[PDB]
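Student: Quick one, what's the 3D model for this:
(one chain, ligands or ions: 1)
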Amino acid sequence: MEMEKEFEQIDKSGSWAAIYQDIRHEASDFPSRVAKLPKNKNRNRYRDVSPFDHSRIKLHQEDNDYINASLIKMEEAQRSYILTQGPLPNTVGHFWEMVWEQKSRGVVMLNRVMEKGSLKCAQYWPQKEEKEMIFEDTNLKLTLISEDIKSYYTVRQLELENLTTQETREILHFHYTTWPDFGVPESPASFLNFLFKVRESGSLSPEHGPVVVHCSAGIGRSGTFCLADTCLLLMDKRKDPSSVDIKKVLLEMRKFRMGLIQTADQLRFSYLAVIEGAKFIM
Ligand SMILES: NS(=O)(=O)c1ccc(Cl)s1
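Tutor: Residues are numbered from 1 along each chain as shown. For reference, the structure is listed below:
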């Protein structure tokens, strides 16, 4: 069923809440035993958001390999994403270790450091060229190289140096800065513009490791980003784009990380972004 028609049918009936709860009811449940170990309690921002053991990213150290991050592997679309929480004060060095080990080209950030008067994630990147950051626990150095500030997003060029080997890489930081404190954007136009800027960078392409995507918990806004990207990709690859079922794509993605898409408004916004995205590159 064409999703544009499904959309109008749900909207006229006002059944967004009932669709969303059907997804929650059918979603996968897998063990998260590593996330719940007592040694990892300060590595988790939220007690009810954990990575599944089967899909978690492992850090390459013998001490403690744990980070709140999951590999989402979409077999038919041929895309991979790492979804993670906003870094904590004691996990900033783990975060950049993961970026290094997984060979990511891009970091996608969908939240502000402060929202609703509370801290949603640590200030994990340098704000001035001449004041670099050193993460002593993971032996990495991070330098701001360039800054391009637009109305809806900022793009930063960063230099990450493995102080052990003195190799350096260029990491692109894509920061979406205008998601509202409550609800979802009214129009998906600026979110779709942002997605096509990430695509054009090469950050989503198979010659790099997976893109690292985060918001505060790494399930809501982060979920919307990878659901829209994957749905638009399959609509271009398939002989019938009307065969793309966004609810089935979301349940496939929820096999790899719990809770992706946090509200019925985020589910409706996802339909909108895909509906408009397709209708712009049509
Ligand atoms: N300073 S620059 O030549 O623009 C530069 C680009 C990429 C880096 Cl990493 S450093």
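
Student: I figured residue 192 hits residue 274, correct?
Tutor: No - checked against CB atoms under 8 Å, the pair residue 192 and residue 274 is beyond contact range at 9.3 Å. Bear in mind the C-beta positions are built from the backbone N, C-alpha and C, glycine included.

Student: Same drill for those two, tell me which one is more crowded.
Tutor: residue 274 (25 against 19; other CB atoms under 10 Å).

Student: Could you list the buried residues of whatever helix or strand the more buried one lives in?
Tutor: Taking DSSP states H and E as the criterion, residue 274 maps to helix 264-281. For helix 264-281, a neighbour-count test (16 or more other CB atoms under 10 Å) marks 264, 266-275, 277-278 as buried.

Student: Tell me, how many residues neighbour the spatially closest residue to residue 33 that is not a sequence neighbour?
Tutor: In space, residue 33 comes closest to residue 53 once its chain neighbours are excluded; the distance is 5.8 Å by CB to CB, 6 or more residues apart in numbering. Around residue 53 sit 12 other residues, with neighbours defined as other CB under 10 Å.

Student: ok, now how distant is residue 53 from residue 65?
Tutor: 12 Å (CB to CB, to the nearest Å).

Student: what helix or strand does the residue of the stretch 151-282 of the chain found nearest the ligand sit in?
Tutor: Nearest residue of the stretch 151-282 of the chain to the ligand, counting by CB to the nearest ligand atom: residue 159, 3.6 Å away. Using DSSP H and E, residue 159 falls within strand 153-162.

Student: other SSEs contacting the next helix or strand after that strand?
Tutor: Downstream of strand 153-162, the next assigned helix or strand under DSSP H and E is strand 167-176. For strand 167-176, the packing partners by 3 or more CB pairs under 8 Å, 6 or more residues apart in numbering; DSSP states H and E come out as strand 106-109, strand 153-162, helix 189-201.

Student: Can you tell me what sits against the shortest one?
Tutor: Think strand 106-109. For strand 106-109, the external contacting residues (CB atoms under 8 Å, 6 or more residues apart in numbering) are 99, 171-176, 198, 201, 203-204, 208, 211-215, 225.

Student: That one vs the ligand: in contact?
Tutor: No - on the criterion CB under 6 Å from any ligand atom, strand 106-109 is out of touch with the ligand, staying 13.7 Å away.

Student: Relative to the helix or strand following that strand, what are the paired strands and their orientations?
Tutor: Per DSSP H and E, the first helix or strand lying C-terminal to strand 106-109 is strand 114-115. Strand 114-115 sits in its sheet next to strand 118-119 (antiparallel), going by DSSP bridges.

Student: How about residues contacting whichever helix or strand comes after the partner strand?
Tutor: As assigned by DSSP H and E, the chain's next helix or strand after strand 118-119 is strand 133-135. Applying CB under 8 Å, 6+ apart, the contact partners of strand 133-135 are 92-93, 96-97, 125-126, 140-142, 163.

Student: make it 6 Å
Tutor: 93, 96, 126, 141-142 (CB atoms under 6 Å, 6 or more residues apart in numbering).

Student: CSV for these, including neighbour count?
Tutor: Shown next, in CSV, are the contacts of strand 133-135 (neighbours: other CB atoms under 10 Å):
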residue, neighbour count
93, 19
96, 25
126, 18
141, 17
142, 19
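
Student: Save these as TSV, and put in secondary structure and distance to residue 61 too.
Tutor: Formatted as TSV, the contacts of strand 133-135 follow (DSSP: H, G, I helix; E, B strand; the rest coil; distance: CB to CB, whole Å):
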residue	secondary structure	distance to residue 61
93	helix	11
96	helix	13
126	coil	24
141	strand	18
142	strand	19
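
Student: can you tell me which two in these are farthest apart?
Tutor: 93 and 126 (14.2 Å; CB to CB).

Student: picking that back up, most packed of the helices and strands packed on strand 167-176?
Tutor: strand 106-109 (a mean of 25; mean count of other CB atoms under 10 Å).

Student: Parallel or antiparallel, which strands does it pair with?
Tutor: Using DSSP bridges, strand 106-109 pairs in its sheet with strand 167-176 (parallel), strand 211-214 (parallel).

Student: Spatially nearest residue to residue 66, not counting backbone neighbours?
Tutor: residue 40 (4.8 Å).
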